[PDB]
$ cat start.cif   # mmCIF, C-alpha atoms
data_final
#
loop_
_atom_site.label_atom_id
_atom_site.label_comp_id
_atom_site.auth_asym_id
_atom_site.auth_seq_id
_atom_site.Cartn_x
_atom_site.Cartn_y
_atom_site.Cartn_z
CA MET M 1 21.14 -11.28 -16.26
CA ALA M 2 21.90 -7.58 -15.81
CA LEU M 3 23.89 -5.59 -18.34
CA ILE M 4 27.17 -4.09 -17.18
CA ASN M 5 27.20 -0.30 -17.29
CA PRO M 6 30.59 0.62 -18.80
CA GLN M 7 30.34 4.29 -17.85
CA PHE M 8 29.48 3.65 -14.19
CA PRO M 9 30.58 0.14 -13.21
CA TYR M 10 30.74 -1.14 -9.65
CA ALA M 11 32.80 -3.71 -7.79
CA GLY M 12 31.94 -6.68 -5.60
CA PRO M 13 30.52 -6.46 -2.09
CA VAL M 14 32.61 -4.85 0.65
CA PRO M 15 32.53 -6.03 4.29
CA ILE M 16 29.75 -4.56 6.44
CA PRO M 17 28.89 -4.94 10.17
CA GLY M 18 27.78 -8.42 11.10
CA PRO M 19 25.13 -10.06 13.30
CA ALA M 20 27.33 -11.53 16.12
CA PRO M 21 28.23 -14.88 14.51
CA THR M 22 27.23 -17.33 17.26
CA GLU M 23 23.74 -15.86 17.43
CA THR M 24 23.01 -17.17 13.92
CA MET M 25 24.01 -20.71 14.99
CA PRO M 26 21.31 -22.78 16.73
CA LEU M 27 21.47 -25.50 19.36
CA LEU M 28 20.56 -29.04 18.29
CA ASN M 29 17.51 -29.43 20.55
CA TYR M 30 18.07 -32.53 22.69
CA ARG M 31 15.12 -35.01 22.72
CA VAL M 32 14.36 -37.01 25.89
CA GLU M 33 12.61 -40.40 25.82
CA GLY M 34 8.83 -40.54 25.88
CA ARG M 35 5.92 -42.86 26.43
CA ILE M 36 2.31 -43.16 25.35
CA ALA M 37 0.98 -43.16 28.88
CA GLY M 38 -1.44 -45.51 30.58
CA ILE M 39 -2.59 -49.10 30.15
CA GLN M 40 -4.93 -49.23 27.15
CA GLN M 41 -8.30 -50.94 27.32
CA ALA M 42 -8.89 -53.77 24.86
CA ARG M 43 -12.34 -52.80 23.62
CA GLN M 44 -14.65 -49.78 23.48
CA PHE M 45 -18.39 -49.47 24.09
CA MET M 46 -19.11 -48.06 20.66
CA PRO M 47 -22.10 -45.76 19.95
CA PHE M 48 -22.80 -47.44 16.59
CA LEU M 49 -22.95 -51.08 15.59
CA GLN M 50 -20.06 -52.33 13.47
CA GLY M 51 -22.02 -54.65 11.19
CA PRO M 52 -24.04 -54.35 8.00
CA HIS M 53 -27.65 -53.26 7.74
CA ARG M 54 -30.42 -53.99 5.26
CA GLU M 55 -31.99 -51.41 2.96
CA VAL M 56 -35.33 -53.16 2.43
CA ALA M 57 -37.33 -55.62 4.50
CA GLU M 58 -38.29 -58.97 2.97
CA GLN M 59 -41.39 -60.91 3.96
CA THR M 60 -40.60 -64.23 5.64
CA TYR M 61 -42.88 -67.26 5.72
CA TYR M 62 -43.42 -70.43 7.69
CA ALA M 63 -45.30 -73.50 6.51
CA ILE M 64 -48.57 -74.56 8.13
CA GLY M 65 -50.79 -77.58 7.65
CA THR M 66 -54.49 -77.73 6.91
CA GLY M 67 -56.30 -80.43 8.84
CA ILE M 68 -57.93 -83.81 8.44
CA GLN M 69 -59.76 -83.81 5.12
CA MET M 70 -63.30 -85.16 5.37
CA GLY M 71 -65.78 -86.60 2.91
CA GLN M 72 -68.78 -84.81 1.47
CA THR M 73 -72.42 -85.29 0.54
CA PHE M 74 -72.49 -84.35 -3.13
CA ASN M 75 -75.63 -83.48 -5.03
CA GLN M 76 -75.62 -86.22 -7.56
CA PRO M 77 -76.67 -85.92 -11.22
CA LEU M 78 -79.56 -87.63 -12.95
CA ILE M 79 -79.23 -90.75 -15.08
CA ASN M 80 -78.48 -90.22 -18.79
CA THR M 81 -81.58 -91.93 -20.18
CA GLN M 82 -81.20 -89.99 -23.46
CA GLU M 83 -82.19 -86.68 -21.80
CA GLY M 84 -78.96 -84.74 -21.30
CA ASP S 1 34.12 24.15 -36.24
CA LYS S 2 37.65 24.36 -34.78
CA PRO S 3 37.70 24.24 -30.97
CA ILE S 4 40.38 26.02 -28.98
CA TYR S 5 42.72 23.36 -27.61
CA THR S 6 46.19 24.01 -26.22
CA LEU S 7 48.60 21.89 -24.21
CA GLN S 8 50.20 24.67 -22.14
CA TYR S 9 48.24 27.07 -19.95
CA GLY S 10 47.48 30.48 -21.40
CA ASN S 11 48.69 29.49 -24.86
CA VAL S 12 45.45 30.99 -26.24
CA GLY S 13 43.80 33.98 -24.57
CA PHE S 14 40.74 36.20 -24.90
CA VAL S 15 41.53 39.91 -25.20
CA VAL S 16 39.38 42.96 -24.48
CA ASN S 17 40.79 46.45 -25.05
CA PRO S 18 38.41 48.79 -23.21
CA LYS S 19 37.99 52.45 -24.09
CA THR S 20 36.27 53.62 -20.89
CA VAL S 21 36.46 51.81 -17.55
CA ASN S 22 34.30 52.91 -14.62
CA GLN S 23 34.74 52.02 -10.96
CA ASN S 24 34.14 48.39 -9.90
CA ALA S 25 34.14 47.23 -13.52
CA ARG S 26 34.56 43.53 -14.20
CA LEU S 27 34.36 41.05 -17.06
CA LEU S 28 32.10 38.02 -16.62
CA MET S 29 33.21 35.13 -18.80
CA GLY S 30 31.26 32.01 -19.69
CA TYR S 31 32.72 28.92 -21.32
CA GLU S 32 31.42 25.74 -22.86
CA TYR S 33 33.94 23.01 -23.52
CA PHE S 34 34.70 19.31 -23.78
CA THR S 35 36.81 17.78 -21.04
CA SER S 36 38.01 14.20 -21.03
CA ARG S 37 38.06 11.22 -18.69
CA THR S 38 41.37 9.49 -18.24
CA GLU S 39 41.00 5.68 -18.30
CA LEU S 40 38.37 5.28 -21.08
CA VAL S 41 35.18 3.32 -20.37
CA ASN S 42 36.82 0.10 -21.61
CA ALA S 43 33.59 -1.74 -22.64
CA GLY S 44 32.86 -2.67 -19.02
#
$ encode --input "start.cif" --output "structure tokens"
Amino acid sequence: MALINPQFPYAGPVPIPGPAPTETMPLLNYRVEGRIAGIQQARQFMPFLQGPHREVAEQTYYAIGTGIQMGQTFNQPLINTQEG
Amino acid sequence: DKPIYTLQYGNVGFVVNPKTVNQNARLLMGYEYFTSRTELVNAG
């Protein structure tokens, strides 16, 4: 967006020496076929386990029984003959 | 106010009539003037 100087104008570009025209043109680089080499193993001996863990520990229980329940020799009360 | 402007060379001159002239005498002139460009600036 330059302003044209009317007192000192200039013309378009003139030819100048050039950079040997084939040396600015590249070759198209020619890929050969390739292979991810080797026979891959199916599994890996991992350093960490792959499953979930638990944040807190919960107390577990198992039921037990008591035993054969016996009789008893109670201390027996007195007879309510109007004193009680 | 009125500049000297001819179309033919020497059609106006500057005159000095000297009374005494020594050896190796000379006359050093100095001008200021407007000259023109052919092919006007033409707005670009």
$ resolve_selection --input "start.cif" --expression "the PyMOL selection byres ((chain S) within 8 of (chain M))" --output "count of residues only"
4
$ atom_distance --input "start.cif" --atom1 "CA of residue 58 in chain M" --atom2 "CA of residue 46 in chain M"
28.3 Å
$ atom_distance --input "start.cif" --atom1 "CA of residue 4 in chain S" --atom2 "CA of residue 34 in chain S"
10.2 Å
$ atom_distance --input "start.cif" --atom1 "CA of residue 11 in chain M" --atom2 "CA of residue 36 in chain S"
22.9 Å
$ residues_around --input "start.cif" --residues "residue 31 in chain S" --least-positions-apart "2" --cutoff "12 Å" --atoms "all atoms listed in the file" --output "PyMOL selection string"
chain S and resi 3-4+14+28-29+33-35
$ build_atoms --input "start.cif" --residues "range 4-33 of chain S" --atoms "N, CA and C atoms" --output "PDB file, in the coordinates of the input"
ATOM      1  N   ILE S   4      39.123  25.572 -29.566  1.00  0.00           N
ATOM      2  CA  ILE S   4      40.380  26.020 -28.980  1.00  0.00           C
ATOM      3  C   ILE S   4      40.914  24.925 -28.071  1.00  0.00           C
ATOM      4  N   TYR S   5      42.130  24.467 -28.352  1.00  0.00           N
ATOM      5  CA  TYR S   5      42.720  23.360 -27.610  1.00  0.00           C
ATOM      6  C   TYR S   5      44.223  23.549 -27.566  1.00  0.00           C
ATOM      7  N   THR S   6      44.752  23.910 -26.404  1.00  0.00           N
ATOM      8  CA  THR S   6      46.190  24.010 -26.220  1.00  0.00           C
ATOM      9  C   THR S   6      46.683  22.845 -25.377  1.00  0.00           C
ATOM     10  N   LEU S   7      47.994  22.804 -25.162  1.00  0.00           N
ATOM     11  CA  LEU S   7      48.600  21.890 -24.210  1.00  0.00           C
ATOM     12  C   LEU S   7      49.258  22.597 -23.040  1.00  0.00           C
ATOM     13  N   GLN S   8      49.631  23.861 -23.195  1.00  0.00           N
ATOM     14  CA  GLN S   8      50.200  24.670 -22.140  1.00  0.00           C
ATOM     15  C   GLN S   8      49.218  25.765 -21.753  1.00  0.00           C
ATOM     16  N   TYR S   9      49.222  26.134 -20.477  1.00  0.00           N
ATOM     17  CA  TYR S   9      48.240  27.070 -19.950  1.00  0.00           C
ATOM     18  C   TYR S   9      48.475  28.471 -20.499  1.00  0.00           C
ATOM     19  N   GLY S  10      47.388  29.132 -20.889  1.00  0.00           N
ATOM     20  CA  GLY S  10      47.480  30.480 -21.400  1.00  0.00           C
ATOM     21  C   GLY S  10      48.070  30.592 -22.778  1.00  0.00           C
ATOM     22  N   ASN S  11      48.157  29.489 -23.509  1.00  0.00           N
ATOM     23  CA  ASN S  11      48.690  29.490 -24.860  1.00  0.00           C
ATOM     24  C   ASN S  11      47.683  29.941 -25.899  1.00  0.00           C
ATOM     25  N   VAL S  12      46.435  30.199 -25.501  1.00  0.00           N
ATOM     26  CA  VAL S  12      45.450  30.990 -26.240  1.00  0.00           C
ATOM     27  C   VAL S  12      44.730  31.826 -25.199  1.00  0.00           C
ATOM     28  N   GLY S  13      44.501  33.110 -25.492  1.00  0.00           N
ATOM     29  CA  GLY S  13      43.800  33.980 -24.570  1.00  0.00           C
ATOM     30  C   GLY S  13      42.688  34.747 -25.263  1.00  0.00           C
ATOM     31  N   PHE S  14      41.838  35.358 -24.443  1.00  0.00           N
ATOM     32  CA  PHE S  14      40.740  36.200 -24.900  1.00  0.00           C
ATOM     33  C   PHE S  14      41.037  37.632 -24.469  1.00  0.00           C
ATOM     34  N   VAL S  15      41.045  38.557 -25.422  1.00  0.00           N
ATOM     35  CA  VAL S  15      41.530  39.910 -25.200  1.00  0.00           C
ATOM     36  C   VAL S  15      40.363  40.883 -25.341  1.00  0.00           C
ATOM     37  N   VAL S  16      40.244  41.799 -24.385  1.00  0.00           N
ATOM     38  CA  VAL S  16      39.380  42.960 -24.480  1.00  0.00           C
ATOM     39  C   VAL S  16      40.244  44.196 -24.282  1.00  0.00           C
ATOM     40  N   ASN S  17      40.153  45.145 -25.209  1.00  0.00           N
ATOM     41  CA  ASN S  17      40.790  46.450 -25.050  1.00  0.00           C
ATOM     42  C   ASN S  17      39.706  47.477 -24.764  1.00  0.00           C
ATOM     43  N   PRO S  18      39.483  47.852 -23.513  1.00  0.00           N
ATOM     44  CA  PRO S  18      38.410  48.790 -23.210  1.00  0.00           C
ATOM     45  C   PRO S  18      38.803  50.231 -23.499  1.00  0.00           C
ATOM     46  N   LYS S  19      37.802  51.027 -23.851  1.00  0.00           N
ATOM     47  CA  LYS S  19      37.990  52.450 -24.090  1.00  0.00           C
ATOM     48  C   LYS S  19      37.685  53.289 -22.863  1.00  0.00           C
ATOM     49  N   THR S  20      36.640  52.939 -22.121  1.00  0.00           N
ATOM     50  CA  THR S  20      36.270  53.620 -20.890  1.00  0.00           C
ATOM     51  C   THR S  20      35.990  52.581 -19.827  1.00  0.00           C
ATOM     52  N   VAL S  21      36.621  52.733 -18.666  1.00  0.00           N
ATOM     53  CA  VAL S  21      36.460  51.810 -17.550  1.00  0.00           C
ATOM     54  C   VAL S  21      35.991  52.618 -16.343  1.00  0.00           C
ATOM     55  N   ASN S  22      34.825  52.267 -15.812  1.00  0.00           N
ATOM     56  CA  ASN S  22      34.300  52.910 -14.620  1.00  0.00           C
ATOM     57  C   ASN S  22      34.821  52.209 -13.370  1.00  0.00           C
ATOM     58  N   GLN S  23      34.366  52.667 -12.209  1.00  0.00           N
ATOM     59  CA  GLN S  23      34.740  52.020 -10.960  1.00  0.00           C
ATOM     60  C   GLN S  23      33.985  50.702 -10.810  1.00  0.00           C
ATOM     61  N   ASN S  24      34.654  49.734 -10.171  1.00  0.00           N
ATOM     62  CA  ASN S  24      34.140  48.390  -9.900  1.00  0.00           C
ATOM     63  C   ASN S  24      33.739  47.645 -11.166  1.00  0.00           C
ATOM     64  N   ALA S  25      34.425  47.916 -12.269  1.00  0.00           N
ATOM     65  CA  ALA S  25      34.140  47.230 -13.520  1.00  0.00           C
ATOM     66  C   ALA S  25      34.747  45.839 -13.495  1.00  0.00           C
ATOM     67  N   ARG S  26      34.051  44.888 -14.107  1.00  0.00           N
ATOM     68  CA  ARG S  26      34.560  43.530 -14.200  1.00  0.00           C
ATOM     69  C   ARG S  26      34.059  42.904 -15.492  1.00  0.00           C
ATOM     70  N   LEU S  27      34.584  41.722 -15.791  1.00  0.00           N
ATOM     71  CA  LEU S  27      34.360  41.050 -17.060  1.00  0.00           C
ATOM     72  C   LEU S  27      33.937  39.616 -16.774  1.00  0.00           C
ATOM     73  N   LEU S  28      32.661  39.313 -16.990  1.00  0.00           N
ATOM     74  CA  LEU S  28      32.100  38.020 -16.620  1.00  0.00           C
ATOM     75  C   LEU S  28      32.165  37.083 -17.817  1.00  0.00           C
ATOM     76  N   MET S  29      33.017  36.075 -17.724  1.00  0.00           N
ATOM     77  CA  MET S  29      33.210  35.130 -18.800  1.00  0.00           C
ATOM     78  C   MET S  29      32.316  33.911 -18.606  1.00  0.00           C
ATOM     79  N   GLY S  30      32.008  33.247 -19.714  1.00  0.00           N
ATOM     80  CA  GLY S  30      31.260  32.010 -19.690  1.00  0.00           C
ATOM     81  C   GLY S  30      31.748  31.076 -20.768  1.00  0.00           C
ATOM     82  N   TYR S  31      32.115  29.859 -20.396  1.00  0.00           N
ATOM     83  CA  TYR S  31      32.720  28.920 -21.320  1.00  0.00           C
ATOM     84  C   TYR S  31      31.846  27.685 -21.471  1.00  0.00           C
ATOM     85  N   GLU S  32      31.892  27.099 -22.658  1.00  0.00           N
ATOM     86  CA  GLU S  32      31.420  25.740 -22.860  1.00  0.00           C
ATOM     87  C   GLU S  32      32.568  24.985 -23.515  1.00  0.00           C
ATOM     88  N   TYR S  33      32.756  23.734 -23.108  1.00  0.00           N
ATOM     89  CA  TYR S  33      33.940  23.010 -23.520  1.00  0.00           C
ATOM     90  C   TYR S  33      33.713  21.513 -23.367  1.00  0.00           C
TER      91      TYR S  33
END
